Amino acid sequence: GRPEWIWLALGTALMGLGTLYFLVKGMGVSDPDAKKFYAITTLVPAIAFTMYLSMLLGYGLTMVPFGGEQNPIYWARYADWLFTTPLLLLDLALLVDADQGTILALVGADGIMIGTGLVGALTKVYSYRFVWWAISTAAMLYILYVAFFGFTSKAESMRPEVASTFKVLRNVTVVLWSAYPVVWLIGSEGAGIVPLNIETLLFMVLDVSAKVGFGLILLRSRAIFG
């Protein structure tokens, strides 16, 4: 009965219901282009649902000694993010017809971001936790830079309605993704200022917005149709 369980339960509900709704809508669509966006976007909260559910049931949690104490760390978050973050970037790349080499570079950077974040989260020497955090944050900023400058440039060649939908999704992505390193820094994995229950609340609001919110915006747009 960990106090953060309530937010894990609410995250589970929200991701579950989001997945179900996207699946129902997606299965009804016949346009092949729209179907690809549905397939990618439905998978995102589906993966998050399984990881939130696992954490709700007491899995994906480990104790890491640092700063003279035994600290609880939810590593299952990284398993979710390893797969869902590149899927979200793929949605954006597909909207703007980004180059294959750009997608490869972003997916590589994304793997670095999640992998070094996880190594950070598991590191037993307090100061070194922040070296890995800094490397992960640098990878994230490379991603946001490309999604902001590179993808907008590509969007300028698309019809205005596709460009408009892209810009809303780009803006949501920049605002939400840039919060994650700060929550990590001040929370359980970092400085230990924000207690685990509140941190779990914060990550739940961010996760639901970045996956279900993002998905609602994308999947209700005419932009996904070919």
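Residue numbers here begin at 1 and follow the sequence given.
Chemist: Out of 67-75 and 113-121, which one has CA B-factors that are higher on average in the deposited record?
Modeler: Between 113-121 and 67-75, it is 67-75 that shows the higher mean C-alpha B-factor.
Chemist: Between 28-36 and 52-60, which has the higher average C-alpha B-factor in the PDB entry?
Modeler: The entry gives the higher C-alpha B-factor average to 28-36.
Chemist: Highest CA temperature factor in the entry: which of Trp81, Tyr126, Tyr142, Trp133?
Modeler: Checking the PDB record, the top C-alpha B-factor among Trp81, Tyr126, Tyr142, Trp133 is at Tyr126.
Chemist: For the listed residues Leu196, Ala179, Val172, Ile47, which one has the largest C-alpha B-factor as given in the deposited model?
Modeler: Answer, based on the entry's C-alpha B-factors: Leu196.
Chemist: Mind checking which third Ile186 falls in for C-alpha B-factor across the chain?
Modeler: For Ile186, whose C-alpha B-factor we compare with every modelled residue in the chain, the answer is the lowest third.
Chemist: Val162's Cα B-factor: lowest, middle or highest third of the chain?
Modeler: Middle third of the chain for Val162's C-alpha B-factor.
Chemist: Which third, lowest, middle or highest, does the CA B-factor of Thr137 fall in along this chain?
Modeler: As the PDB entry reports it, the C-alpha B-factor of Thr137 lands in the lowest third of its chain.
Chemist: Please rank the C-alpha B-factors of the chain's modelled residues and tell me whether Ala98 sits in the lowest, middle or highest third.
Modeler: CA B-factor rank for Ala98: highest third.
Chemist: Ordered by C-alpha B-factor within the chain, which third holds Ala155? Give me lowest, middle or highest, please.
Modeler: Ranked within chain, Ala155 CA B lands in the highest tercile.
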